[PDB]
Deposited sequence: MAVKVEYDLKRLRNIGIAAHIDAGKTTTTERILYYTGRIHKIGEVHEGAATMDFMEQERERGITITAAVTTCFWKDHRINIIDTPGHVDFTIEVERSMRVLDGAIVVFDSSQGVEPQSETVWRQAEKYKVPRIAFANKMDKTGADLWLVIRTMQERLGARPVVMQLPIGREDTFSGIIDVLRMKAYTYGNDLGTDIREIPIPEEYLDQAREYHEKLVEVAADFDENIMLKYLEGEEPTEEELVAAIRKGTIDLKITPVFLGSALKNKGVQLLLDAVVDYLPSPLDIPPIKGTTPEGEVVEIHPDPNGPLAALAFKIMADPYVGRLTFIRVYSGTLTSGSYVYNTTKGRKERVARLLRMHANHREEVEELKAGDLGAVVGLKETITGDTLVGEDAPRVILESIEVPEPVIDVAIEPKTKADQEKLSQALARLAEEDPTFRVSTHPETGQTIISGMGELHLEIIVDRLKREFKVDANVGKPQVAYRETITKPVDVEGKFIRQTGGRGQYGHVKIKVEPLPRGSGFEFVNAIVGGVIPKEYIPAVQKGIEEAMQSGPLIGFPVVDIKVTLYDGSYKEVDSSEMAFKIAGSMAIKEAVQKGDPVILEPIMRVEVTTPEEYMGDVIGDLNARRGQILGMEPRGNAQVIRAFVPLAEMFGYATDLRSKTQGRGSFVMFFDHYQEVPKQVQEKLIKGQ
């Protein structure tokens, strides 16, 4: 039943509209006749892993690529590797994932196989090796020639229900012999035994070839290529074969790496008997069973009805059931062994990124712990409260699956404000808002979340003394406000000596300080990184109140941040641009005019990779500035890094 060798853990990467969904639907179908979906082909368990909706989704991508072992990259035979198709490739390259390739849509007009092969060779530097030729051109496209084995299959309809092996037609007999030769010439690069047979012109054996091509695929040197039309059902069974021949099992890729509690790195082996280590990569809210938290298992066995320690978060979780999702049904299983993926039921306080271990087995983490700061805000004016009522429920329901964002109510516009770690993040949340959770609102343009703070210690005071509301009000506080090292946040001390301020009012003061740190004086963004010591004041015996000392506190914070040489803090993003070698300096220059700070350029593949420190505020609509400077071919990722005082002229320009 469970045999690692015969496990094939895959995802499908493709341009948008290239054919990922159709190809996936079609695979499921063919493996039918008897977040992570499971099926069987020729005694192999193929766990198709769902790869992000768009490639820019950078956090999900990284995580969904160490959850898979090998990938199928799908190109539109009409257009070639369309500049975003280069970008999905760079992904696989980046995460060192063994891959095959699939020239989809060989049935449409414009479908050129050779365009794909060439563009793969030239642009991506991929080393395609042709493993089949198409019999036919457009609508004429009817057959597919396996040049490894020198056979040919023909398709008697566009339904998937008539595949007959035929000899290669003599019209394609030259071309096939030609490409078989190329294949055997390649295979010999990875098998010495095949080298001494290619000399002799002694046709080596299918075992040898397949093994050789495979070794090459898995060690990231070659990229076999197959074609077909997933829509008109041709080539999807051979593509499925390909998965089982050339794509890696968990035994084939190097073991994932994990961090002990002492910052140390451990290599983590697929030994199904050894300790347990799982990584959770998606949470979903299934109707018939509640919340499913999908995991991938690296070592040991995860047994249904058992307890696992969540090393990311400190608690234990109850593994109630274990599931496998199939195309058309679910399946309860007793265990998921090392090399496998499923869903688990139970697990109240487990979220994605988190690491599940064997309870009394070594505590290791598998990702980074730090939380991306909420660096981009968006305002939404809800409809007529009839939407707010289902908005608010949804937004708080959004945070049952996602803790990487914050919800606030703006101190002085009334609006509801979402905060995230980038724009796309928010763009997809709004997507889930007006559709999935059905909500409507006047959405605002995304903006950078700045922060204020003071650069020098001050010693101010606050007085509120009025005859409002019928009675007499009075509250007097004196504070010392001093700057706190970056990222330290807030600190309050009470140092009031002896009823100088009546104990009842100290809370009211604090509230006042708190409610007024929410709007700095430079641009009305939250004050941060300061220490507030309440050290004096006065009351008037009947006139004082809570309202009074609230405002007094508030009025002294507004003073302390005006006198303290206030400065604005901006978020500084860590940027990695992937560009073809040619645009290097023409791209570096553009980063350098964004107040960037180049940290060094090493090459990845044939492309090059620049590292920088560009501030978030010099980045809005960056992707269209890359596609203008890289002939469409470049791309970039972006992560928070640190807040930095704005430079003099940017302070002035932001006021």
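Missing from the model, relative to the deposited sequence, are the ranges 1 to 5, 40 to 67, 689 to 691.
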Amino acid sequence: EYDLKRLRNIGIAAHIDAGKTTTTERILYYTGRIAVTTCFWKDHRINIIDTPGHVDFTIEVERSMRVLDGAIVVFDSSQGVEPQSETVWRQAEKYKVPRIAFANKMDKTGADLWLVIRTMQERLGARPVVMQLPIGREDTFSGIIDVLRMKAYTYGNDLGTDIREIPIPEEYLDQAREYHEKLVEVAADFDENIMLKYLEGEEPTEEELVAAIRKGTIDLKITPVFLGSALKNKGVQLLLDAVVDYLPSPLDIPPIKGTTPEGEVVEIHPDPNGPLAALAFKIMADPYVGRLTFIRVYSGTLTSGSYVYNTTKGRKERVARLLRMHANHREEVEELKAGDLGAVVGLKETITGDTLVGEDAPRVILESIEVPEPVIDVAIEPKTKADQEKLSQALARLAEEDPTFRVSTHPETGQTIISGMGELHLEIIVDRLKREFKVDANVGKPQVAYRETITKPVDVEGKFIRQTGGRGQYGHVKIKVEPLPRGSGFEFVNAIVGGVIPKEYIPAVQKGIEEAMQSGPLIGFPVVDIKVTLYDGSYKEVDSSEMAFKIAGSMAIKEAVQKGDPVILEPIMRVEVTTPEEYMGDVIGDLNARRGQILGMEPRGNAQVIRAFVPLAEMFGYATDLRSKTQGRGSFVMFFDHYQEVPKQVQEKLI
From here on, numbers count along this sequence of modelled residues.
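Stretches 359 to 367 and 471 to 479 differ in mean CA B factor, with 359 to 367 having the higher one. Mean CA temperature factor is higher for 285 to 293 when stretches 209 to 217 and 285 to 293 are set side by side in the entry. Each of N310, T579, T404, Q518 has a CA temperature factor in the record; the biggest one is found at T404.
The PDB entry gives the largest Cα B-factor of the residues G263, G339, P134, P374 to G263. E570: CA B factor in the middle third of modelled residues in this chain (values from the PDB entry).
Per-chain ranking of the deposited C-alpha B factor places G524 in the middle third. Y198 sits in the highest third of its chain by CA B factor, as recorded in the PDB entry.
Among the modelled residues of its chain, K445 has a C-alpha B-factor that falls in the highest third, as given in the PDB entry.
In the deposited entry, the Cα temperature factor of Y95 sits in the middle third of values across the chain's modelled residues.
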